[PDB]
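In: experimental structure and sequence below.
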Amino acid sequence: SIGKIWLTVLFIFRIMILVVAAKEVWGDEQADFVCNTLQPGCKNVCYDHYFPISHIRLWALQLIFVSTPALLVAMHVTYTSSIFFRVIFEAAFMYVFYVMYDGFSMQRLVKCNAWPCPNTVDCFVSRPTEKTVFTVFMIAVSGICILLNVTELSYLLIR
Amino acid sequence: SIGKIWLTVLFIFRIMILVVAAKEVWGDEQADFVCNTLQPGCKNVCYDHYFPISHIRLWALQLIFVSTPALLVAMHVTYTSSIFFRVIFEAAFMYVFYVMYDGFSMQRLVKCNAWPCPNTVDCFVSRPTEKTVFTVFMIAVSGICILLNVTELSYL
Amino acid sequence: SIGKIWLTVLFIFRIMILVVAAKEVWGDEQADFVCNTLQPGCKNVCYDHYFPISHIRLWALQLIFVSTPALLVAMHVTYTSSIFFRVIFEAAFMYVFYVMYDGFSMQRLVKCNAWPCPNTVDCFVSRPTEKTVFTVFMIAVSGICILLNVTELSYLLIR
Amino acid sequence: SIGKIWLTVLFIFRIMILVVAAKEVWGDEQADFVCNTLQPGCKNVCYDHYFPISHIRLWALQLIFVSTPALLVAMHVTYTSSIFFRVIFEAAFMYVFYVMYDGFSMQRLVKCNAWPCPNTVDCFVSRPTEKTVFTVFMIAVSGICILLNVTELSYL
Amino acid sequence: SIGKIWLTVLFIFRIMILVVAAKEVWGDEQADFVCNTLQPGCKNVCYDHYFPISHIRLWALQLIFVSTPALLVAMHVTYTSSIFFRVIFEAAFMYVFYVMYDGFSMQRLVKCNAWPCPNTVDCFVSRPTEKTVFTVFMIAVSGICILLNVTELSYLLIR
Amino acid sequence: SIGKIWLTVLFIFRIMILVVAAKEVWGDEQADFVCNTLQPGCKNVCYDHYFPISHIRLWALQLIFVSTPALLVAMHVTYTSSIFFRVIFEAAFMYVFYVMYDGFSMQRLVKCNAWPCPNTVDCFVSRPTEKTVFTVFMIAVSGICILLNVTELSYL
Amino acid sequence: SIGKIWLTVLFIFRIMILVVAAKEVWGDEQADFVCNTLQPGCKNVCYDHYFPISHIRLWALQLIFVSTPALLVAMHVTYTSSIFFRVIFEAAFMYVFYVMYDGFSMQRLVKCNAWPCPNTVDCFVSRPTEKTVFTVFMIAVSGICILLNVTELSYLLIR
Amino acid sequence: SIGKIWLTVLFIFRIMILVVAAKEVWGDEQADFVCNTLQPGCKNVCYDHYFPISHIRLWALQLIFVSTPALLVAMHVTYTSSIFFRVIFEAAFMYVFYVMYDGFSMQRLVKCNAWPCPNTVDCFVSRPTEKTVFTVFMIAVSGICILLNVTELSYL
Amino acid sequence: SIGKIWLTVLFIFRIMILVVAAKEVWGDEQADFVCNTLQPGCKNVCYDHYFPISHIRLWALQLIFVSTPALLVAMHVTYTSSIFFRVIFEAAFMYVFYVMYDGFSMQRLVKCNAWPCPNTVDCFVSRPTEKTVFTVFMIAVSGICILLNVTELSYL
Amino acid sequence: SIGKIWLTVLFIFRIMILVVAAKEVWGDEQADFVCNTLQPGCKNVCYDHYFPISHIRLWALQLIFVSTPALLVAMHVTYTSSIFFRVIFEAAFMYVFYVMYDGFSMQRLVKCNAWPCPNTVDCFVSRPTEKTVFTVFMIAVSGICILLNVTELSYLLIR
Amino acid sequence: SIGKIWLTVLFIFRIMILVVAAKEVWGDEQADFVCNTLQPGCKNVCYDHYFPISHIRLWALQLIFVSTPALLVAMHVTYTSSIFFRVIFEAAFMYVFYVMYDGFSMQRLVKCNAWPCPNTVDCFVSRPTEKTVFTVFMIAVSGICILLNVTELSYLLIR
Amino acid sequence: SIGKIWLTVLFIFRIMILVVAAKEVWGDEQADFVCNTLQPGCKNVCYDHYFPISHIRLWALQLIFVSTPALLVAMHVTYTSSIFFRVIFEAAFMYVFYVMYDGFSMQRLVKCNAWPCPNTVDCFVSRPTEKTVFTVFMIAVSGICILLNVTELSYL
Ligand SMILES: [Ca+2]
Ligand SMILES: [Ca+2]
Ligand SMILES: [Ca+2]
Ligand SMILES: [Ca+2]
Ligand SMILES: [Ca+2]
Ligand SMILES: [Ca+2]
Ligand SMILES: [Ca+2]
Ligand SMILES: [Ca+2]
Ligand SMILES: [Ca+2]
Ligand SMILES: [Ca+2]
Ligand SMILES: [Ca+2]
Ligand SMILES: [Ca+2]
C-alpha cells in the first residue's frame, strides 16, 4: 500500500511530461512536418501513412483508458476487476507503440511513396531526439505503472 | 441503478475524447484542407459541399442535445420522458454520420467540381485514419448510451 | 412559472451554440473571407459592405442586451419593466438579422464592386451551410425566448 | 441610491462590450491593416501616425483610470473626492477620441506619406463600420457615466 | 500608513498596464520588427543588438524582484530590510531602462549594421508612440513606488 | 528553519522566471530559428543537432524531477533521503547545460552541415543575449538551491 | 506618270514605318498586354476578342495584297486589271481597320468580360499613343496610295 | 503557260504569309500556351497530345515536300511525273489539318487529362482567331495550287 | 560642293549612332522602365504619359522624313525644293524634343499619378545619363545638317 | 550519275529539316526541359545524363563530317577515298543515335535519380512526337544517303 | 607605309574583339547587374552612377570617331588633317576610360548609396576579369593605333 | 603543298564546330549556371572565379590570334615568320585550357566559397559532357594545326 502512493506519484509524472510533450516538444504536429515536394496532398498523405495515430493522442487515449476504471470503482463505492483493466490497457497502448513507429525511437527521415507523391519523397521529422526522450519517460512510467498494478493484483489473489 | 453509473462515466469519456478530437486531431479543420488548384474559392466551396457540418460541430451539437433533457429534470426538481429524448437525439446524430461522410470512415481524397473550380480537382483530407478512429469511439459510445437508456426504458 | 425554467434552459442553449459558432464554425472571420483579386483593400472593403456587423457580434450584443435587464431587477431587489426590454431587444436583434444578410440564410457568393476593387469581384464566403444551421438555432431560440417572455408579461397584466 | 445601481450595471456592460471589441471586432488590430505598397516599414509608420494609441488600449487605460478612485475608497475603508476623478478621467478619454480619429467615426481609408513611403499611399482600415458602432457604445456609456456621477455630485 | 495603501494601488496599476502593454501594445515582439533586407539573420541579429532585454521582460523581472522581498517578510512572520530591496531593485530596473534604449523614448528607426547584414540596414520599430506612453506610466509608477518606499523606510529609522 | 523559507521563495522565483522564459523570451523556439538555405529539412536537422533538448524542456523536466521527492514525503505523511535526490537532480540538469550549448551562453550563430544541407550553412539563433540572461538566473538559483539543501544536509 | 514615282516613294514610306511599327512600337505584342487578374486564359481570351487580327499583321497582309498584282503584270510582260486590285485591296484593308478597333485610334483601356475571366477585368494596352501615330501614317499612306492609283486608272479609261 | 505564272506568284504568296504566321501570329508557339494547373509537365504533355506537329512545322514540311519535285527537274536538266508529286503532297498535308486540329479552325480551349494532370484541366489557346485566318489562307492557296497543277495535268 | 560631302558623312554618322542608341543604350526601352507599385497597368500608362513617342522612334521617323526629299530627286532624275523640306523636317523633330522630355535631358525620375495608379508614384528611368549623351549627338548633328542646307540655300 | 543528283537533293532535304528541327521543334532545348523538383542542379544533371550530346548537335556534327570529305576532293582538284568517309561517318552518327536515346524514338518521360536530386524525379520532355518525326526524316535521309554513296563506291570498284 | 598596313590589321583586331566583347563578354549589360536590395530604381540608379557611358558604347563611339576622318579624306579625293583627328579622338577616348572606371580595371564590387537605395547597397558586377582582358586588348590596340598614326604624321611634317 | 589544303579545311572545320559550340552547346553560358543559394552576387562571383575567360571567348580570341599572321602576309603582298606565330599562339591557348578548367574536362560541379557566399556552396555546371566533347574537338584540331605548321616548318 506504500506502492499505491508511487502509483499516484507516477500517474502525475507522465501527465506533466505529456503536457510538456504535447505542447512544446511536439506542438503543431503536422505543421512542423516537412517534405521535399511541391505536390499538394503528398505531405498530408505521407503523414497519415507514417502516423495513423500520433503519440500525444495515443498517450491521451491511454491515460483516458488508464483512468476510466479508477472512476468506475469510485462509483460503486470489482476493485480487483479495475486493476485488471488498468494493466491490459496500459500495456495494450505499449504494443501500439512498438507496432507503428517501431521501437520507441523517432525517425529523423521517412521516405514516403504514397499516391499524390510523383515518386518517393524525403519527408523530414522535426525535433526527433527531444521527442524520443519523452517516449522513454512516457513508456518507462507506462511500464512501471504496470508492475505496481500487477503487484497489488497478486496481493489480492494470493492473500 | 448500476446503469446510471456507466452513463456518467462514458459521458465523461466521450467528452475528453471529443476534446482531443477537436483540438488536436481535427485541429484547424479547414486550414489543413488541401486542394490541387490555384482558383480562389474552389477550396472553400469544396469544403462546404463535402463537410456541411464538421464532425466536431455535430458532436458539439450532439452533446448539447443530449444534455438538455437531463437538465429539464434538474430544474423541475417528466424524467422518463427525457430519456425518450436522450435516445432519439443520440441516434439521430448517428444517422447524419452514415448519411454525410458516407459511413463513419474518413475519405482520404475527395473530388469536387463545384462552380468556382475549372473542372474536377483533387482535394486531400488530412489525417483521415486518426479522425476515423475517433469517429468510431464517438459513435461506439453513442451506440452504447442508446442501450443503457433503452434497458432503463425497458426496465420500466 | 414552469416556463421560467425553459427560459433558463434555452438561455444557455443559445450560448453554448454561440460558443461553438463563434469559435469553430466562424473562427477567424475575415481571414476565411476570400476574393478573386490582387487588389489591396478590395477584400477589406468588400467585407465591410456585406458585413457591417457580423453575426457573432450581433448575437454577442443581443445576449448582452437580453441580460442587462435581468441584472437590473436583481439590483432593485420594474420586474414587468424588465420583461419588456428582454422582448424588444431580443426581437430588435432579429430585425437586424433580416435586414442585413437578408433572410437568415448565408450567401455562398457575394459580388462586390466597392471602390478599391477595379471592377466587380467575386468574393467567396467560407463554410456557409454550417453557419446557416447556427443561424437557425440562434434565431429559433431567439424567437422562442420571445414567446415565453410575452406569456409571463401577459400573465402579469391579465392577472 | 438607484444611481449606483446602473453605474455598476453599465460598468459591467461596457466591459463585455470592450471584450468583444478587442478580441473579435478589432482582433489583431495592426495585422488586419492593409496598405498599397511594397516598402518595408511604410505600413508600420502609417499605423503609428494615424493610431498613436489604439482604441482598445485607450479604453483599456480608460477603464483603469476610472477604477482607481473607486479602489482608493475601498482601501481607506475622500469618497466624494474620488467621484471628482471618476468624471474628469472618463471625460478626458472622451476628448482624445474626437481629437485623434477625428470624431468617433472609423475612417474607411487613410492616406499616409510618412518618410519610408515613396509618396502618398492608400491604407485601408478593416471593418470600420463595426468598429464605429462599438466606439458609439463605448462613448455613449462614457457619456452616461458622467451624468450619474454629476447627478450624484449635484445631489450633494 | 495611509501610504502603504497607495503602494498597493500603484502596484496593481503597473500590472494591468504591463498586461495591456505585454499583449496588445507589444504583442508578438519580434514578428512586428521589420528590416529592409533579404538577408536571413540580419533581422534576428539587429533585434538582439538593440534589444538585449526587451521592455516587457525587464518589467516582468522588475516586478518579480519588487515582490520577492514582500514574500520573504510574510515567511518570517528584516521588515526594514525588505523595504531596502524593493527600492534598489525598483530603481536598478530604471537604470537599465535609461542605459539601453536611451531615455524612456522608443525609437521609430534604428540603423543596424551587424554582421549578416551586407551593409547598414534600416530596421523599423512597430508602434513606438503607443509603447512610449506605456513606458512613461510603467516608469512613472516605478518612480513613485520608490518615494513611498523611501518614506516608510525613513519613518522607521527616524522614529 | 529559515533555510526552508528561501527554498520555497526561490522555487516560486525560478518558476515565474521560467514562465517568462518559455512564453516570451524563447517563444516559438524553433519557428524563430533562421538558416541561410532553401533546402527542405536542413533547418529541422540543424535544430536537432544543436538543441536535442531545448532549454525550456530541460528546465521543465528539471522542475519536475526536483518536485517528486518533495511529494513522496507529503504522501507518506525518507525526508532526508528525498533531499538527497533534490540535490543530485538539480545538479545533473546543471551538467547538461555546460555539456550541450557549450557553457550557459547562447550561441549567436551555429554552423551545421548535417546531411540534408548541401554544405555548411549559417544558422542564426534569435535573441541569444536575452536567453543567456535567463539561463544565468535559472542556473544561479539552481546553484543556490544546491547549497541550502546541502547546508540542510550538513546540518543533520 | 510623275505620280507613278510618288507611288514608289510612298510604297516604301509605309514599309519602313511598318518595320519601326512592327518591331519597336508594338514589339512583343501580347507580352506587353496586361490585365488585372490572376485568371489563366482570361488574358489570352481577352486579347483574342479585342484583336482578332492585330495591326502589324493586317498591314503585313495588306502590303502582301498590294504587291501581288504588281508581280502579276511583271509576269505577263491586264495592266489596268492590276491597278483595280491594288485599290480595292488597299481600301478593303482600311474597312477592316475601322470595323475592328473602331476609328484609327488605339484604346488605352478595354474592359473584357470573356469566359475564363470571373467578372469584367480591366485590360491595359501598352503604348497606345505611339501606336496611334503609326496608324495615322500607315492609314494616311494607304489612303494616298489609293488616290494615285485611281488617277492612273482613270487616265487609262478616259484616254 | 499562264498557269505557271500564278503558281510561282501564289508560291511566293503563301511563303510571306507563312513567315508572318510563324514569327508573329504563332510566335513562340508553346510558350504562349496556358493551362490552369500547378503540375510540372501537364502543360508539355497536353501540348503534345493536341499539337503533335504544330501548324508552322507542317507547313514547313509542306513547302519542303512541294519543292523537291520541282528541283528534281532542274537538276536532271520526269517533269510530268513531278507534278504528280506536287499534287498528292500538297493534298496529303491538307488531310492532316482536318484530321488533327479538327477542321481548319483553332480551338479557343482544349481540355486535357493526360497522366501528369490530376484531372481534366482547362488549357487556353492564345490567338485562335488570327491563327484560324492564316490556316484558311494557307489551305486556300494549297487548294488552289492543286487545281492549276491538275488543269496542267488534264491539259496534257 | 564640299558641303554635300559632310552631309553624307554626318548622315552616315548619326545613323551608326542611332543604331547603338536603339539596340544597346535604350535597348528594350519600356522593359527597363521601373516603377514603385504593384498595380497592373500603372507602369504602362505612366510610360505613355511621359514617352508618347520614344526617342528612337522619333529619330526613326526623323531619318525617314529627312530622306524622302532626297529620294524624290533621284526618281525625277525640285532639288532646291527638297532641301526646303530637308530643313523644316529636321528642325520640326528638334522642336518635339524640347517640348516633350523637357529639354534634351533624360529625367532620372518621373512622378506619374495617372488613373490606374492609386496615387503619385516613383518611376525610375534607366540609364538617363547615357541616353542624354546620345540625344546631344543626335540633336547636334541635326542642328548641323540644318546649317549646311541653309548655307547651300543661301548659296543659291 | 543520275544518283549523284538525288544525293544533292537529299543533302539539302535533311538541312532544311534540321533548321526547322533546330529552331522551332527543339528551340531552347534545356529551357523546355521540366522536372518535378525544387532542387537546383537536379534538372541540369538529369539533362546531362539523358542527353550527353543532343540531337541537333549530333546532326550538326554529322553534317559537318558528311561535308568535310566533299571539300577535300575539291581541294585536290582520293575521290573514292572521300566516298568511304561520307559513309562510315554518316553511319557512325546513326549508331550514336541508337545507342543513346535508344531507338529513334523520343521519350515522353525519363525518371532521373542523379546526385543533386533527393530521390528519383520525374523529368518531362517537351514536344516529343514532333521531335520523333524529325528523327525519322533525319535518320531516313541519313540512311538513304548511305545507299547512294555505297552504290557510287561499288560502281568504281566493280568497273 | 609598311605601317599603314598594320593600322588596317589592328583596326580590325579591335573590332572582332569589340564584337566578342559586346555580345558574349558583356551581353545584356544591365540585366547581369545585381544589387542586394528589394528597392525598385536603386539598381537602375546605381548603374547610372557607376556607368555613365558603358564600355561597349565608348568603344562604339570611339571607333565611329576613329573612322569618320578616314571617310572625309576619301570624299575629298587635309590628309594630314585627318591623321590629327584619328589621334586626338582615339586618345580622348582613353582619357574617358581612365577617368570613369578608374584604371582599365573592372570592379568586382561597387558600394552604391544613391537616392532610392535606403542605405548603401552592395552592387555586384558580372564577369569582371573577362571584361578586364578585353579592356586591355581594346586599350592596347587603341594605344598602338596612336603610335603608328603619330609616326605617319611626323613622316609628313619632317619630310 | 597538300599540307595547306587540310589547314584551310580544318580551319573551316573548327569554325563551324565553334559556332555550334557557342550558340547551342554553351548557349547563354552564365544564365544556365545554377547555384544552391539565395545570396545576390554569389553566383556572379563564383562564375568569375572558375571561368575567368569562358571557353568560347578563349577560342574566339584563339581564332583571332591565329589569323592575324596569315593576314600580315596577304597585305604585304615574313611568311615563314608568320607560321612561327600561328604555332605558338595556337599552342599558348592550349596551355590556358589545361591550366584553368583543370584539363579539357568540364566539371559537373564546382564548390565556391567566395566572399558574398555565406559558406561553401554547390554550383552545378549545365551540360558538362557535351561541352567536354567540343573542347576535345577544338583542342584536337588545335593540336593538329600545330603539326601541319611544324612539318611545314621542318620542311623548310
Ligand atoms: Ca498540437
Ligand atoms: Ca478547430
Ligand atoms: Ca474570431
Ligand atoms: Ca488585439
Ligand atoms: Ca509576446
Ligand atoms: Ca514555446
Ligand atoms: Ca512581334
Ligand atoms: Ca516560333
Ligand atoms: Ca528597342
Ligand atoms: Ca537552341
Ligand atoms: Ca547588349
Ligand atoms: Ca553565348
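Out: Nice, thanks for sending it over. Residues are numbered from 1 along each chain as shown, chains lettered A, B, ... in the order given. Ligands and ions are numbered 1, 2, ... in the order given.
In: touching, residue A:145 and residue A:10? I think so.
Out: Yes - counting by CB atoms under 8 Å, residue A:145 does reach residue A:10; the two are 5.7 Å apart. C-beta: built from backbone N, CA, C; applies to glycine.
In: these two: which has the busier surroundings?
Out: residue A:145 (21 against 17; other CB atoms under 10 Å in any protein chain shown).
In: what segments of chain A are helices?
Out: A:3-20, A:42-50, A:55-65, A:68-76, A:79-98, A:128-158 (DSSP state H).
In: quick check, distance from the third one to the centre of its chain.
Out: So that's helix A:55-65. Relative to the mean C-alpha coordinate of its chain, helix A:55-65 is positioned 6 Å out (CA atoms, centre = their mean, to the nearest Å).
In: same check on stretch A:133-144?
Out: 9 Å.
In: who touches that stretch?
Out: A:10, A:13-14, A:17-18, A:20-21, A:25, A:55, A:59, A:62, A:90, A:93-94, A:97, A:104-106, F:53 (CB atoms under 8 Å, 6 or more residues apart in numbering or on different chains).
In: contacting residues around the nearest residue to residue A:3 once chain neighbours are set aside?
Out: Ranked by CB to CB, 6 or more residues apart in numbering or on different chains and with sequence neighbours excluded, the top spatial neighbour of residue A:3 is residue A:148, at 4.9 Å. Counting by CB under 8 Å, 6+ apart, residue A:148 makes contact with A:3, A:4, A:6, A:7, A:10.
In: is any part of stretch A:58-71 close to chain F?
Out: No - using CB under 8 Å from any CB of the partner chain, stretch A:58-71 never reaches chain F; the gap is at least 15.9 Å.
In: not counting its own residues, what contacts that stretch?
Out: A:14-15, A:18, A:21-22, A:81-83, A:85-86, A:89-90, A:93, A:96-97, A:138, A:142, A:145, B:9, B:12-13, B:16-17, B:20, B:24.
In: ok, now stretch A:3-23?
Out: Contacts for stretch A:3-23 (CB under 8 Å, 6+ apart): A:55-56, A:59-60, A:63, A:131, A:134, A:137-138, A:141-142, A:144-145, A:148-149, A:151-152, B:24, F:57, F:60-61, F:64, F:68, F:71-72, F:75-76.
In: hang on, the earlier thing: can you select the buried ones from the contacts of stretch A:133-144 in ChimeraX?
Out: Isolation of the buried members of the contacts of stretch A:133-144 (16 or more other CB atoms under 10 Å in any protein chain shown) is achieved in ChimeraX through the command below:
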select /A:10,13,14,17,18,20,21,25,55,59,62,90,93,94,97,106 /F:53
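In: give me phi/psi at residue A:38?
Out: Backbone geometry at residue A:38, expressed as degrees, to the nearest 10, gives phi -100, psi 20.
In: and the gap between the closest residue to residue A:45 other than its chain neighbours and chain H?
Out: Nearest non-adjacent residue to residue A:45, counting by CB to CB, 6+ apart: residue A:114, 4.3 Å away. Distance, residue A:114 to chain H, by CB to the nearest CB, to the nearest Å: 14 Å.
In: settle this for me: residue A:114 is touching residue A:44, isn't it.
Out: No - applying CB under 8 Å as the test, residue A:114 and residue A:44 come out as separate, 9.4 Å apart.
In: spatially central, which residue of chain A would that be?
Out: By CA atoms, centre = their mean, chain A has its centre lying nearest to residue A:59, at 3.5 Å.
In: run through the residues that contact the residue nearest to residue A:111 when sequence neighbours are not counted.
Out: The shortest distance from residue A:111 to any non-neighbouring residue, by CB to CB, 6+ apart, is to residue A:120 (5.3 Å). Going by CB under 8 Å, 6+ apart, residue A:120 touches A:111, A:112, A:113, J:119, J:120.
In: which single residue of chain A ends up nearest chain L?
Out: residue A:36 (13.2 Å; CB to the nearest CB).
In: what sits against that residue?
Out: Per CB under 8 Å, 6+ apart, neighbours of residue A:36: A:121, A:122, A:123, A:124, F:39, F:40, F:41, J:38, J:39, J:118.
In: now the spatially closest residue to the first one that is not a sequence neighbour. Its backbone dihedrals?
Out: Looking back up the chat, that one is residue A:121. Nearest non-adjacent residue to residue A:121, counting by CB to CB, 6+ apart: residue A:37, 4.6 Å away. With angles defined as degrees, to the nearest 10, residue A:37 sits at phi -170, psi 150.
In: touching, residue A:37 and residue A:117? I think so.
Out: Yes - in terms of CB under 8 Å, residue A:37 counts as a neighbour of residue A:117; the distance is 6.4 Å.
In: give me the common contacts of these two.
Out: In contact with both residue A:37 and residue A:117: no residue, using CB under 8 Å, 6+ apart.
In: list the contacts for residue A:116?
Out: A:39, A:40, A:41, A:42, A:45, B:122, B:124.
In: make it 10 Å
Out: A:37, A:39-46, B:34, B:36, B:108-109, B:122, B:124, H:118 (CB atoms under 10 Å, 6 or more residues apart in numbering or on different chains).
In: and for residue A:111?
Out: Contacts of residue A:111 by CB under 10 Å, 6+ apart are A:46, A:50, A:120, A:121, A:122, A:123, J:118, J:119.
In: pretty sure the fourth one sits against residue A:35.
Out: Yes - when contacts are counted by CB atoms under 10 Å, residue A:121 is listed as touching residue A:35 (5.2 Å).
In: intersection of neighbour lists for those two?
Out: Common neighbours of residue A:121 and residue A:35 (CB under 10 Å, 6+ apart) are A:42, A:43, A:46, A:110, A:112, F:40, J:118.
In: could you work out the most separated pair of the contacts of residue A:120?
Out: A:112 and J:120 (13.1 Å; CB to CB).
In: mind listing the shared neighbours of the two?
Out: In contact with both residue A:112 and residue J:120: A:120, A:121, using CB under 10 Å, 6+ apart.
In: pick out the residue of chain A closest to chain F.
Out: residue A:124 (3.4 Å).
In: who does that residue form a beta bridge with?
Out: residue A:34, residue A:109 (DSSP bridges).
In: for it, which residues are in contact?
Out: A:32-36, A:107-110, F:39-45, F:48, F:116.
In: residue of chain A closest to chain B, please.
Out: For chain A, CB to the nearest CB, closest residue to chain B: residue A:41, 3.1 Å.
In: isn't that residue right up against residue A:114?
Out: Yes - the criterion here is CB under 10 Å, and residue A:41 meets it with residue A:114 at 8.8 Å.
In: show me what contacts the closest residue to chain K within chain A?
Out: Chain K sits closest to residue A:38 of chain A, with a gap of 24.2 Å, by CB to the nearest CB. Contact partners of residue A:38, counting by CB under 10 Å, 6+ apart, are A:118, H:38, H:39, H:40, J:36, J:37, J:38.
In: try it again at 7 Å.
Out: By CB atoms under 7 Å, 6 or more residues apart in numbering or on different chains, the residues touching residue A:38 are residue J:38.
In: what of the one 5 residues further on?
Out: Neighbouring residues of residue A:43 by CB under 7 Å, 6+ apart: A:33, A:35, A:37.
In: from chain H, how far off is the closest residue to residue A:153 other than its chain neighbours?
Out: Leaving aside its sequence neighbours, residue A:153 sits nearest to residue A:83 (CB to CB, 6+ apart; 4.9 Å). In this view, residue A:83 and chain H are 54 Å apart by CB to the nearest CB.
In: swap in residue A:93?
Out: Applying CB to the nearest CB, the value for residue A:93 to chain H is 38 Å.
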